[PDB]
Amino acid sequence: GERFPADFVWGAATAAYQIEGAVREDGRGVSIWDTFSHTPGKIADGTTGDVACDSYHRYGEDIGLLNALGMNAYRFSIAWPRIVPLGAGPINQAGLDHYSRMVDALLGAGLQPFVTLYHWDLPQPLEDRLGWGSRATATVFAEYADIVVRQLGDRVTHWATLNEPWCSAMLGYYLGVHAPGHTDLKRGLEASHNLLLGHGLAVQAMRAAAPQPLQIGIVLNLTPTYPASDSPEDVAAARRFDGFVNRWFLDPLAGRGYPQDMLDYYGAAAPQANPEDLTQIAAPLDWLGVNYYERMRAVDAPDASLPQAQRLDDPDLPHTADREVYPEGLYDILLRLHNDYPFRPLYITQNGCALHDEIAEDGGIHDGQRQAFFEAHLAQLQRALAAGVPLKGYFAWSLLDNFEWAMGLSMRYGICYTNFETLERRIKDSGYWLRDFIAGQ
């Protein structure tokens, strides 16, 4: 009841800005996250992605970790700023050559590359022209996608267009906690539409530019939502939050248009989604990736910002450094995708947790709660497979401790510990647990 398919993808995941550093090297342009990180007060601990894990130079060390963990895949992102530094403008061949070498190093190690094209590092020049608030950014995103697949698509079969458009749109343009840091609902919703349109345009451009058949998907963060009580007010709140995070993206991707309950709720703040756009958004996916960290147990919050839902913590569930642990939410969300939506196959493209990790006296990192996190979530994946869910792989978040966006370097999600001063990496106990679990397969 333990065993995964022999062809199951086992990996760990990262994002370029979170790990690479070398922010001005080899022609790289300025990204929104460079601008944002360098804006006083935006990052909790004053850190930036300027060095991060120095993976631009140290990716071979990262490959060494993945090999030591007995993984058979690595999910990582390509930095648009390294490929088209102005966003819309000339290619930077040095950037493409870098990722060509990295892809070859992965394939040489027996690690399948699962490449994300957009993991939040929009070139700043595009943001100067409204960024995801402009349709033209979707156009030039698709051009970037074409450029990269033409060069690497002879070797990489598995691509994702976007990582987590809800974060880019709602955290970056509505709540202002992620780059570029805008705070307007209409801007967030407009951004969400142009992200989805970028996705659709990119799929078509990638299929046209591809030198071989590709497996193209999109990666969504999904948060299963539960009403804290069965009162109408709390059930409605759960429904609005579920629409805000999940259905807003799943439905148009599924060819169902935007969810009408949310359209009516947002009113004129929602974009004018003409039919032609929705057709483009609903391009068939070869796979869908799910990023899962937590559930939302919702109570009505009439006085809060839309969607007027607040989290009610449950005393019966333990917390990590930053979240409630709820492994069964992964089962629920997969069963929902399996039964309620058409996408298949599915991958878990990010799942992991943050702890107050410390190097112990013996030199290891004794992260038992993270081991238990993986054990429990993988148990729920076994249950989901048993129910018929077409799950084809699992990527642990993250390969190593990294720059976690607005939290900076101070929130450690790695299965490997990163010393940010020396840049040494050390496998945590949870990493060795994953190694041995995967090898039992």
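The numbering used is simple: start at 1 and walk along the sequence shown.
Look at the mean CA B-factor for 263-271 and for 203-211 in the entry; the higher one is 263-271. Between the stretches 416-424 and 20-28, it is 416-424 that shows the larger average CA temperature factor. If you compare the C-alpha temperature factors of 350, 92, 308, 192 in the entry, 308 comes out highest. The entry lists C-alpha B-factors for 196, 106, 83, 325, and the highest of these is at 325. The deposited CA B-factor of residue 382 belongs to the highest third of values across its chain. Residue 246: CA B factor in the middle third of modelled residues in this chain (values from the PDB entry). In the deposited entry, the Cα temperature factor of residue 41 sits in the bottom third of values across the chain's modelled residues. When the modelled residues of the chain are ordered by C-alpha B-factor, residue 256 sits in the highest third. When the modelled residues of the chain are ordered by C-alpha B-factor, residue 235 sits in the middle third.
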